[PDB]
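structural data only, the sequence is not supplied:
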DNA sequence: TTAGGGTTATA
DNA sequence: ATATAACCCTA
Ligand SMILES: [Zn+2]
Ligand SMILES: [Zn+2]
């Protein structure tokens, strides 16, 4: 099943949502806050976090 | 707030 | 079909 995660029982409705979900198992955090240096998994998370500054 | 589930739009 | 994006919801 191309919609099933190879690392857990999660099954996505769309292929793009499975690819996003894979990042929970790799731990990759490609986004950062320029003010405090904290790392984030999505760029929407940075915008959400920016409100503390 | 954090973080990952959901969704829809555009190319 | 993929790539990137954005916005909402919730524990
Ligand atoms: Zn998984
Ligand atoms: Zn910060």
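Done, it's in. Residues are numbered from 1 along each chain as shown, chains lettered A, B, ... in the order given. Ligands and ions are numbered 1, 2, ... in the order given.

spit out the contact partners of the residue nearest to residue A:29 when sequence neighbours are not counted.
Leaving aside its sequence neighbours, residue A:29 sits nearest to residue A:39 (CB to CB, 6 or more residues apart in numbering; 3.8 Å). (C-beta placed from N, C-alpha, C; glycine too.) The contact partners of residue A:39, by CB atoms under 8 Å, 6 or more residues apart in numbering, come to A:29, A:31-32.

and residue A:39, backbone torsions?
With angles defined as degrees, to the nearest 10, residue A:39 sits at phi -100, psi 150.

what does residue A:11 give?
Dihedral angles for residue A:11 - degrees, to the nearest 10 - are phi -130, psi 120.

helices of chain A, residue ranges please.
Along chain A, the segments classed as helices by DSSP state H run A:15-21, A:23-26, A:43-49.

looking at those helices, which is closest to residue A:1?
helix A:15-21 (9.8 Å; CB to CB).

so is that closest one next to ligand 1?
No: applying CB under 5 Å from the ion, one finds helix A:15-21 separated from ligand 1 by no less than 5.6 Å.

other residues contacting that helix?
Contacts with helix A:15-21, where a contact means CB under 8 Å, 6+ apart, come from A:2-5, A:10, A:12.
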